[PDB]
Amino acid sequence: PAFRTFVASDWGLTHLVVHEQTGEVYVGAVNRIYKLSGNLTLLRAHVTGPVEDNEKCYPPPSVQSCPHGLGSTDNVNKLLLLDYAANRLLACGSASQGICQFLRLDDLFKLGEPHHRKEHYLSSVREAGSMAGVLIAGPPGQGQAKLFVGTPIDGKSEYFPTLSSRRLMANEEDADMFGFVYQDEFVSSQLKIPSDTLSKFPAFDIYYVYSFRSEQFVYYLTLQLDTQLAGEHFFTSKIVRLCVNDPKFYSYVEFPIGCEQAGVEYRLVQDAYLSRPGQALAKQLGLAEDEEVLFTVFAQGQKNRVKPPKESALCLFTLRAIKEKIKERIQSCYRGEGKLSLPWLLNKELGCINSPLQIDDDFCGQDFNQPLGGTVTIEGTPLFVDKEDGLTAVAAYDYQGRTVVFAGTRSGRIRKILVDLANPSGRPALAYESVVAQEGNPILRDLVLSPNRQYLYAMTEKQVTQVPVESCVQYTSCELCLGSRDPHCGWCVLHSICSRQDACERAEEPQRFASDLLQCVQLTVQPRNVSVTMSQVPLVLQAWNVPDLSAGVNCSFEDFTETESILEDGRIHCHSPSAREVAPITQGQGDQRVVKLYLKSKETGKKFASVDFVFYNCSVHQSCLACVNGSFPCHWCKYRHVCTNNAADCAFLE
Amino acid sequence: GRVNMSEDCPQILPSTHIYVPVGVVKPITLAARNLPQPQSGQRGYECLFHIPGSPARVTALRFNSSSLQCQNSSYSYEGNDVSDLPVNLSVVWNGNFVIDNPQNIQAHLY
Ligand SMILES: *[C@@H]1O[C@H](CO)[C@@H](O[C@@H]2O[C@H](CO)[C@@H](O[C@@H]3O[C@H](CO[C@H]4O[C@H](CO)[C@@H](O)[C@H](O[C@H]5O[C@H](CO)[C@@H](O)[C@H](O)[C@@H]5O)[C@@H]4O)[C@@H](O)[C@H](O[C@H]4O[C@H](CO)[C@@H](O)[C@H](O)[C@@H]4O)[C@@H]3O)[C@H](O)[C@H]2NC(C)=O)[C@H](O)[C@H]1NC(C)=O
Ligand SMILES: *[C@@H]1O[C@H](CO)[C@@H](O[C@@H]2O[C@H](CO)[C@@H](O[C@@H]3O[C@H](CO[C@H]4O[C@H](CO)[C@@H](O)[C@H](O)[C@@H]4O)[C@@H](O)[C@H](O[C@H]4O[C@H](CO)[C@@H](O)[C@H](O)[C@@H]4O)[C@@H]3O)[C@H](O)[C@H]2NC(C)=O)[C@H](O)[C@H]1NC(C)=O
Ligand SMILES: *[C@@H]1O[C@H](CO)[C@@H](O[C@@H]2O[C@H](CO)[C@@H](O[C@@H]3O[C@H](CO[C@H]4O[C@H](CO)[C@@H](O)[C@H](O[C@H]5O[C@H](CO)[C@@H](O)[C@H](O)[C@@H]5O)[C@@H]4O)[C@@H](O)[C@H](O)[C@@H]3O)[C@H](O)[C@H]2NC(C)=O)[C@H](O)[C@H]1NC(C)=O
Ligand SMILES: *[C@@H]1O[C@H](CO)[C@@H](O[C@@H]2O[C@H](CO)[C@@H](O[C@@H]3O[C@H](CO)[C@@H](O)[C@H](O[C@H]4O[C@H](CO)[C@@H](O)[C@H](O)[C@@H]4O)[C@@H]3O)[C@H](O)[C@H]2NC(C)=O)[C@H](O)[C@H]1NC(C)=O
Ligand SMILES: *[C@@H]1O[C@H](CO)[C@@H](O[C@@H]2O[C@H](CO)[C@@H](O[C@@H]3O[C@H](CO)[C@@H](O)[C@H](O[C@H]4O[C@H](CO)[C@@H](O)[C@H](O)[C@@H]4O)[C@@H]3O)[C@H](O)[C@H]2NC(C)=O)[C@H](O)[C@H]1NC(C)=O
Ligand SMILES: *[C@@H]1O[C@H](CO)[C@@H](O[C@@H]2O[C@H](CO)[C@@H](O[C@@H]3O[C@H](CO)[C@@H](O)[C@H](O)[C@@H]3O)[C@H](O)[C@H]2NC(C)=O)[C@H](O)[C@H]1NC(C)=O
Ligand SMILES: *[C@@H]1O[C@H](CO)[C@@H](O[C@@H]2O[C@H](CO)[C@@H](O)[C@H](O)[C@H]2NC(C)=O)[C@H](O)[C@H]1NC(C)=O
Ligand SMILES: *[C@@H]1O[C@H](CO)[C@@H](O)[C@H](O)[C@H]1NC(C)=O
């Protein structure tokens, strides 16, 4: 087989997303945004790129003249978001103080690209993927669609907010776009970087890696700078959250996050992926059905966010456990204990105000004790650690209970991990590894399963790659099929192929489908060794772990002959071929020919079960030694000076 | 982008007269109808002033299907012979596509 693939002809790629209805794949890149079919054929290509511009210029040349010299620069797709409700694609770029694009869903027709007002500008930042966010909507007429979006700022504190809550109007031409949900002269639905904190720490900035909507909130995994850790730059990876229904922005929370493996620190997020656990992991992790989970990837230490270490660790957080750490922290500040502790935001530390309240998970923040930080860094449950080849990306999914995890590598490889801590095993075990861009093109965070969940689109700097979740047909034998362990694979006994339960016809029936190696087709023949000179010999066949064959069975010694068989007890009775048929095989191979006797099922008409069957030839031995002291039952005739199976064919008795 | 009806055509609508003093930095807001969103491989808008002395090329911004604006600039003609000079203006996009001007709207340079 070959891996279905889309190659990046000219430029680097940045983002990928899948349409839940169509399976169309949209692909953000530098200067380009593509629409692709499910099998990665090019469907449509939008030019978004090389634009005459300059990063230093505020409002970009379109609105005002800038004295700074302009040059043809690349427009990096910073963000990509599917707005199914308004049949379109939010395709947020850079290189125009970060103006956002709207492309129509089915043809990439530019519906709108607002850039007059200051809100239509998002950030000067030219870095890909340092931005993230979520689209959330209500029905038309009600409280309209909103976008929550984090971005870096590059020190342009007064131009852009790092985190914001913005409006999404139905008209793309409408000027109201990317305007804040509630703006006041006192408080706006945004969060800015304070100027005092940039004067103190020169180039502090918030880089937003992943983001997701959960229940009624919005989380972000972030990277920040040294503020109690002027000097050098060291980063701290944190979780952020907001209530969706909090125009005031009072719900903001921020806990440091990481995990440790045998006294080695992993504190830099590279990617995450919110998912389900399915019956398996849920049960022994102690969860309800609809309880969520967060797979993550961290690098070692707190050094070099620009170029992190190889040493990387896949951790785990249950959202119930992060919800408890946040509820526990709020029911703590509402006891008046300590300070808010959020360095970059509030430079002078304001204190926790005591008050009697019903602290719930439904709590959406209040006026005093305001935006607040976190003291106790939240530790995650480790799963798998790569030391020679850095993890880059992750996804996961529910399959028939068992929880499959996908992991990109710096090499261009994907790992297929069953997480088995909650499962019986000692620790979560790798099942399989696969190749995408072998030469060493790293996999990018945007790694999405298809809608049917049959494939997994894996993106690199330079190519998208349709990697199948299930491809058990690469497995040739029951023994290797169930040996790989990647849980989709079973041996469909009578078809003699390896594939999933829903793909094996009649699998539901007894012994027709094998799932543990012990169910494997095992076959034996009573007369294992039969002489060339014999003909139509009766043979008995014992087979175990096989479905009801009352449909009928034939014996085929190979693709040479085929004899009909009848069934009695737990045994199959068929005959050897005729001398007329046997010799056409044995001619040339001399001493003996080991031949794979199959069973051909009448229902399928495919050979499934095999045995070592021996066709021995005595006569061709031309000396006593070869004849008797060989490996077979052969008799030598002193006097005739010939080797044969029959005692009577000898000269006489003595 | 199909036009079947004459009222749906890309055209520039008039406002109360466009007054432009010579040697003064001014913006010139315009209204219009069904102004196209420039598509793939297509540039944006400009205002071209047909002054026999000097023809000025000023790039503009299309705000929506119904309003334009040439950017802060000053204009002149060489003569000092006539106080009130009406000037043919053409609104272009993607270099050479001139939008229709039915009322033949002019800019008065005074
Ligand atoms: C089990 O294995 C045996 C032994 O290996 C196989 O029997 C052999 O069959 C092939 C036929 O395809 C024979 O090969 C051909 O031989 C002939 C000439 O054979 C003469 O010389 C033999 C060698 O000394 C001799 O044994 C023969 O005598 C036998 O026959 C008589 C009469 O039936 C009998 O009474 C005797 O007791 C002997 O049994 C005989 O004098 C020859 O024409 C062929 O050679 C041509 O082709 C080759 C290849 O293309 C080429 O290289 C040559 O140049 C030439 O053009 C060919 O070699 C072989 O002789 C048989 N072996 C024996 C010992 O007789 C057989 O495959 C298996 N048995 C069964 C029952 O299936
Ligand atoms: C398509 O896009 C076009 C152009 O982008 C829009 O046209 C604009 O319409 C808006 C109305 O929303 C007009 O805005 C008005 O501007 C006035 C400003 O004039 C002053 O300007 C300067 C600087 O402030 C002063 O020095 C000078 O002396 C002027 O006085 C405001 O005064 C108006 O505000 C009033 O109305 C609003 C809304 O009702 C109130 O909130 C205020 O309190 C106040 O009463 C007003 O904001 C603007 O002039 C038009 N743009 C241009 C470039 O001219 C279209 O709206 C849009 N069309 C569609 C269909 O979407
Ligand atoms: C060629 O194919 C044949 C298939 O028939 C294979 O023969 C079998 O070989 C294995 C060992 O290699 C034997 O297993 C052993 O059984 C021993 C007990 O033996 C008695 O019971 C047998 C079955 O109940 C019985 O056949 C046997 O009688 C034999 O000996 C008699 C006296 O010599 C003779 O007259 C008979 O004709 C008959 O051959 C005994 O009473 C046991 O002690 C061992 O521990 C071992 O388990 C099978 O019994 C063999 N099957 C048969 C039918 O004889 C043979 O392996 C193949 N050859 C090669 C080289 O691979
Ligand atoms: C885009 O992707 C789609 C799927 O996402 C894909 O189209 C599908 O192709 C498959 C085969 O690759 C087709 O599945 C077939 O279904 C019919 C029943 O209608 C069967 O007869 C077929 O069986 C044949 O193939 C088997 C396996 O190779 C053989 O064992 C057998 O002998 C048969 O010859 C097969 O199961 C299917 O028609 C479509 N899917 C859908 C939903 O229509 C396609 O590869 C991509 N297309 C493009 C244009 O890029
Ligand atoms: C399970 O085993 C049974 C019995 O062992 C087996 O039955 C066989 O069926 C085939 C038909 O498919 C029989 O072959 C036929 O025999 C006639 C003479 O009577 C021949 O003329 C025919 O041969 C022609 O067709 C062949 C194939 O296209 C060509 O190779 C040839 O050149 C001829 O044109 C015809 O096929 C055969 O006789 C029996 N076997 C025996 C031992 O009698 C069957 O294959 C298996 N059953 C099932 C349901 O698959
Ligand atoms: C400024 O614009 C005006 C008006 O658009 C120009 O004046 C006139 O332009 C019109 C075109 O609409 C010419 O009318 C033509 O008339 C003939 C009649 O035979 C007709 O066949 C054509 O279809 C067309 O309608 C008209 O000739 C022209 N006026 C003159 C006196 O030549 C004017 O040219 C522009 N000013 C400058 C300085 O270029
Ligand atoms: C004949 O069979 C005998 C006995 O099985 C073989 O004897 C071997 O002899 C060597 C000495 O050269 C010993 O070291 C081996 O241990 C013996 N093997 C066994 C299995 O007993 C002998 O190899 C055979 N000879 C021929 C010519 O076939
Ligand atoms: C230029 O235009 C801009 C935007 O309309 C305006 O802010 C400014 O006042 C103008 N400058 C001058 C010198 O007229």
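We're sticking with Swiss-Prot numbering for chain A, so the shown stretch reads 37-265, 271-695, in order.
Just so it is clear, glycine is given a Cβ too, placed from its N, Cα and C backbone atoms.
Of all Cβ atoms in the protein chains displayed, 20 besides its own lie within 10 Å of the Cβ of A:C93 (disulfide bond). Taken from Swiss-Prot, the feature disulfide bond covers A:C93-A:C102 (among others).
Summarising the annotation, Swiss-Prot assigns disulfide bond to A:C128-A:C136 (among others) and lists sequence analysis as the type of evidence. In the three-state DSSP assignment, the secondary structure recorded for A:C136 (disulfide bond) is coil.
According to Swiss-Prot, the disulfide bond annotation covers A:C284-A:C405 (among others), on the basis of sequence analysis. Within the same chain, the residues at least 6 positions away from A:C405 (disulfide bond) whose Cβ sits under 8 Å from its Cβ are A:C284, A:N286, A:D287, A:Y291, A:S292, listed in sequence order. According to DSSP, A:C405 (disulfide bond) sits in a coil region rather than a helix or strand.
Non-local contacts of A:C300 (disulfide bond) by the CB criterion (under 8 A, 6+ apart in sequence, same chain) comprise A:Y307, A:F339, A:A354, A:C356, A:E420, A:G421, A:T422, A:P423. According to Swiss-Prot, the feature disulfide bond maps to A:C300-A:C356 (among others).
Annotated disulfide bond per Swiss-Prot: A:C374-A:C393 (among others), in sequence order, evidence recorded as sequence analysis. The local packing around A:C374 (disulfide bond), expressed as other Cβ atoms within 10 Å of its Cβ over all shown chains, amounts to 22. In the three-state DSSP classification, A:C374 (disulfide bond) falls within a helix.
Sequence-distant contacts of A:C513 (disulfide bond), defined as residues of its own chain at least six apart whose C-beta falls under 8 angstroms from its C-beta, comprise A:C522, A:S525, A:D527, A:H529, A:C530, A:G531, A:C539, A:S540, A:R541. Annotated disulfide bond per Swiss-Prot: A:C513-A:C530 (among others), in sequence order.
Per Swiss-Prot, disulfide bond is recorded for A:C519-A:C561 (among others). Taken residue by residue with DSSP, A:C519 (disulfide bond) is part of a helix.
For the recorded site, A:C539 (disulfide bond), the DSSP three-state label reads strand. When other Cβ atoms within 10 Å of the Cβ of A:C539 (disulfide bond) are tallied across all protein chains shown, the result is 26. Annotation source Swiss-Prot lists disulfide bond at A:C522-A:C539 (among others), citing sequence analysis.
For A:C533-A:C545 (among others), the entry in Swiss-Prot reads disulfide bond. Mapped onto three states, the DSSP output places A:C533 (disulfide bond) in strand. Cβ contacts within 10 Å of A:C533 (disulfide bond), excluding its own Cβ and spanning all protein chains shown: 26.
For A:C615 (disulfide bond), the Cβ neighbour count at a 10 Å cut-off comes to 22, with all displayed protein chains included. The disulfide bond annotation in Swiss-Prot covers A:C596-A:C615 (among others).
Every protein chain considered, the tally of other Cβ atoms within 10 Å of the Cβ of A:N75 (N-linked glycosylation site) stands at 12. According to Swiss-Prot, the feature N-linked glycosylation site maps to A:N75 (among others).
Under 8 Å, Cβ to Cβ, and six or more positions away along its own chain, A:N658 (N-linked glycosylation site) finds A:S572, A:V573, A:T627, A:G631, A:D632, A:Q633. Look at Swiss-Prot and you will find A:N658 (among others) tagged as N-linked glycosylation site, backed by sequence analysis.
What Swiss-Prot lists as N-linked glycosylation site is A:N670 (among others). For A:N670 (N-linked glycosylation site), applying a Cβ distance below 8 Å and a minimum sequence separation of six or more within one chain yields no residues.
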| query | Quick one: Cα separation, A:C93 (disulfide bond) versus A:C374 (disulfide bond), in Å? | reply | 43
| message | Give me the CA-CA distance between A:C545 (disulfide bond) and A:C136 (disulfide bond), in Å, as a whole number. | response | 48
| said: Between A:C102, A:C561, which of the disulfide-bonded residues has its C-beta surrounded by the fewest other C-beta atoms within 10 Å? | reply: A:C102
| field | Cβ atoms near A:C356 (disulfide bond) (within 10 Å, other residues, all chains) | value | 25
| remark: Simplified to three states, DSSP reports A:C545 (disulfide bond) as coil
| request: Taking the Cβ of A:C393 (disulfide bond) as the centre, count every other Cβ atom within 10 Å, in any protein chain shown. | output: 19
| query | Taking Cα atoms as reference points, which of the disulfide-bonded residues A:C128, A:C136, A:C374, A:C561, A:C596 is nearest to A:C102 (disulfide bond)? | reply | A:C136
